[PDB]
Amino acid sequence: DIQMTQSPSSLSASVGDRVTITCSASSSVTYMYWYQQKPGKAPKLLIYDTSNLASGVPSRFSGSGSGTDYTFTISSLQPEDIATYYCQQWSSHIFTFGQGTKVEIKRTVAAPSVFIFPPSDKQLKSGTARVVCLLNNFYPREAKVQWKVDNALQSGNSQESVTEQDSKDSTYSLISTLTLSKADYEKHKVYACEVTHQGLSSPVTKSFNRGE
Amino acid sequence: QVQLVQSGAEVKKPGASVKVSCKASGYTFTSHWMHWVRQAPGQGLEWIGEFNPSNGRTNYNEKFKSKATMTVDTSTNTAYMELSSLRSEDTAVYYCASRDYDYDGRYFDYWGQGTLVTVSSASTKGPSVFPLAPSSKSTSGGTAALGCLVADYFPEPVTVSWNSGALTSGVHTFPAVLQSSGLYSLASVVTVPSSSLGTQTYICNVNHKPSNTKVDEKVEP
């Protein structure tokens, strides 16, 4: 049985950089393959038999081998190349995969565009108010959202989720939801999300008054 | 065109079994080996085994020999993988893939969309869907944001499309968040021109296969 070590676990690079991933095997492998996987999608074959390009795969992708050491190279990293890459070997009737390498893209600073969504009548009829703050298309990934209700900082009543990096523009988006009972919602007037990010010189507040 | 279409996501109580299917089209089914691959959410990729539809030959990962049974039905061009004695750690996406060399020497490699199997004693629950309307509070420089919140479902996954897949530019469908309760919620949003909110129609199409829930919600200004 063949053990393999894939490195690095993750890397970040600029558009046009040469990216190199290595797969080191315990014993000589019969066949080496390289797969690319984007989040939510199936793996896609890029390289078979160490160095043969799968059909329709761009020429910037290549593979090589030197004993038990196998390399995969992207000669000029493109925004659409962000993915997790896996080596897969076959020997003696067994396929095994490497641990994967997540390849990320660096790009210029982009401040978020901020949007706020007051709870609908449909929501309030259900007994719960979910106030939604969206931060769209920003870079880098690090952002901070604070919720304020009548200028009082909230704690313990929000949730947030961040997207994977975008394959076209290399940005992220983030959604934050403040959840209150209908009764609690109706006790206050001003609902605000305050956003801090590297592209902003001071926090940006998006707000509304309940009932308008 | 080569297509491999897998059966829908499922939830299963511990100790149960599940049989996942993979329907092939666009090629001669018996001409290629069918593979099964596991990826638990968030152990990478593991190879389960392969089944040769031309002769019935199988090769398994020893790890899965007791767990998995691969079969085919050549009359319907369908491959199956049955998982028995399900436990929590069997929660994963399962892929089928047709992979091998042609006689000429080119490598044939195509994959199904994956099937998420969740092993849980918790009850399946369908989501509530709430439109997030475009308004003056969700505009930015001639663009409007709008969306749908898909609240309180179990287990994963929910999928969301817009206008039956005709609207994909500017869509962000976010990873689900785990609620205190153990349910999930997710949101999907899209940005569109603010100028044409009066003339275009935006419908979010929400699917949650474990509860066989399919909902289309018009999101109006």
Side-chain angles (χ1 to χ4, degrees), chain A residues 35-45 83-84 86 88 95 97, chain B residues 2-12 16-22 24-53 58-61 64 67-84 86 89-100 108-120 124 153-161 164-165 173 176 205-214:
Chain A
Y35 284 93
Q36 175 195 64
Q37 193 184 25
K38 288 154 198 179
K41 307 288 169 175
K44 174 194 192 174
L45 185 72
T84 298
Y86 294 90
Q88 182 214 233
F95 299 89
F97 292 91
Chain B
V2 177
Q3 297 188 67
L4 297 171
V5 180
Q6 301 188 220
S7 48
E10 273 178 73
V11 72
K12 287 288 180 196
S17 73
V18 67
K19 190 183 195 182
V20 303
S21 63
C22 174
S25 63
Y27 71 101
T28 308
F29 180 70
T30 52
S31 296
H32 305 285
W33 283 88
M34 190 64 77
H35 299 252
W36 293 88
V37 169
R38 190 178 79 163
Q39 184 163 45
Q43 281 174 330
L45 296 165
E46 288 185 290
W47 179 70
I48 294 161
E50 60 180 1
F51 186 113
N52 188 339
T58 58
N59 295 289
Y60 289 81
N61 186 342
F64 293 95
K67 173 64 60 187
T69 303
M70 300 174 291
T71 55
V72 298
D73 178 350
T74 55
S75 77
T76 62
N77 300 332
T78 309
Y80 301 90
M81 201 271 294
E82 189 172 329
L83 295 160
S84 66
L86 289 167
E89 29 284 279
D90 295 320
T91 298
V93 178
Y94 293 86
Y95 291 101
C96 68
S98 191
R99 319 181 297 169
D100 64 15
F108 182 88
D109 192 295
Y110 292 85
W111 292 62
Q113 84 279 14
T115 301
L116 179 58
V117 180
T118 300
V119 183
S120 180
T124 308
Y153 60 94
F154 187 87
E156 297 208 65
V158 156
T159 61
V160 183
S161 63
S164 307
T173 295
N205 323 108
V206 175
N207 199 272
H208 181 245
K209 194 82 193 70
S211 66
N212 302 286
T213 298
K214 178 157 187 190

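Quick note on labels: first sequence line is chain A, next is B, and so on, each numbered from 1. Because only heavy atoms are used, hydrogens play no part in the values below, and waters and symmetry mates are left out as well, while side chains stay in.
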Kindly give the heavy-atom pair with the smallest separation between B:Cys96 and B:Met34, and that separation in Å.
-> CB-SD, 4.2 Å
With sequence neighbours left out, what residues match B:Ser211 under side-chain hydrogen bond (donor to acceptor under 3.5 Å, both in side chains)?
-> B:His208, B:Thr213
Name all residues meeting the side-chain hydrogen bond (donor to acceptor under 3.5 Å, both in side chains) criterion together with B:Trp47; count only those two or more places apart in sequence or in a different chain, and write none if there are none.
-> B:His35
Minimum heavy-atom distance between B:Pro53 and B:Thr30, given as atom pair plus value | O-CG2, 3.8 Å
Side-chain touch B:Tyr153/B:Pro210, heavy atoms, less than 4.5 angstrom | no
Check for a donor-acceptor pair, side chain of B:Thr91 on one end and backbone N or O of B:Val119 on the other, with a separation under 3.5 Å.
-> yes
Roughly how far, to the nearest 0.5 Å, is the CD1 atom of B:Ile48 from the CZ atom of A:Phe95?
-> 13.0 Å
Closest heavy-atom contact between A:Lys38 and A:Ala83?
-> CG-CB, 3.9 Å
Please, which pairs that meet salt bridge (charged side-chain N to carboxylate O under 4.0 Å, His left out) have at least one residue in residues 37-46 of chain B, sequence neighbours excluded?
-> B:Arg38-B:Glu46, B:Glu46-B:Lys63
Closest approach of B:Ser31 to B:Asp100 (non-hydrogen atoms, all atoms of both residues) = O-OD2, 3.6 Å
Test item: B:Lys19 and B:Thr71 side chains (from C-beta on) under 4.5 Å apart, heavy atoms | yes
For B:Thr173, what residues pass the side-chain contact (heavy atoms from CB on, under 4.5 Å) criterion, not counting sequence neighbours?
-> B:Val160, B:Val171, B:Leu186, B:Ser188
Could you go step by step and tell me if B:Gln39 and A:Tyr86 meet the side chain to side chain contact (heavy atoms under 4.5 Å, CB included) rule?
-> CA-CA 12 Å; B:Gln39 184 163 45; A:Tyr86 294 90; 3.6 Å; yes
Scanning both residues in full, the closest heavy-atom pair of B:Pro41 with B:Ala92 reads CD-CA, 3.7 Å
Judged by atom type as modelled, is there a donor-acceptor pair below 3.5 Å linking the side chain of A:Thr84 to the main-chain atoms of A:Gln37?
-> no
Do B:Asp90 and B:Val117 have side chains that get closer than 4.5 Å, going by heavy atoms?
-> no
Step by step, would you call B:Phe51 with B:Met81 a side chain to side chain contact (heavy atoms under 4.5 Å, CB included)?
-> CA-CA 10 Å; B:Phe51 186 113; B:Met81 201 271 294; over 6 Å; no
Mark yes or no for whether B:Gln6, through its side chain, and B:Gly114, through its backbone, hold a donor-acceptor pair below 3.5 Å.
-> yes
Short side-chain to backbone donor-acceptor contact, B:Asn77 and B:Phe29, under 3.5 Å = no
Report the distance from atom CD of B:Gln113 to atom NZ of A:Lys41, rounding to the nearest 0.5 Å.
-> 10.5 Å
Residues which pass side-chain contact (heavy atoms from CB on, under 4.5 Å) with B:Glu156, listed by chain and number, not counting sequence neighbours | B:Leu116, B:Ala176, B:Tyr184
Does B:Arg99 offer a backbone N or O that forms a donor-acceptor pair with the side chain of B:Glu50 under 3.5 Å?
-> no
Atom pair CG/CE of B:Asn59 and B:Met70 - distance to nearest 0.5 Å | 7.5 Å
For B:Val18 and B:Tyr94, run side chain to side chain contact (heavy atoms under 4.5 Å, CB included): C-alpha distance rounded to whole Å, both residues' side-chain angles, the deciding distance at 0.1 Å, then the answer.
-> CA-CA 11 Å; B:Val18 67; B:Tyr94 293 86; over 6 Å; no
Any side-chain heavy-atom pair from B:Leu83 and B:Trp36 closer than 4.5 angstrom?
-> no
Mind checking what makes ring-ring contact (aromatic ring centres under 6.0 Å, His included) contact with A:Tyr35, not counting sequence neighbours?
-> B:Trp111
Go through the structure and list residues passing side-chain hydrogen bond (donor to acceptor under 3.5 Å, both in side chains) with B:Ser75, not counting sequence neighbours.
-> B:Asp73
With sequence neighbours left out, what residues match B:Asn207 under side-chain hydrogen bond (donor to acceptor under 3.5 Å, both in side chains)?
-> none
Ring centre gap for B:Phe108 and B:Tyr27 strictly below 6.0 Å | yes
Would the number of heavy atoms belonging to other residues, nucleotides or ligands and lying under 6.0 Å from NZ of A:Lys44 be above 12?
-> no
Of all heavy-atom pairs linking B:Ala68 and B:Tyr60, the shortest is O-CE2, 3.3 Å
Just wondering, do B:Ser98 and B:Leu4 contact through their side chains at under 4.5 Å, heavy atoms?
-> yes
Just by distance, with hydrogens left out, do B:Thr78 and B:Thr76 show a side-chain donor and acceptor under 3.5 Å apart?
-> yes
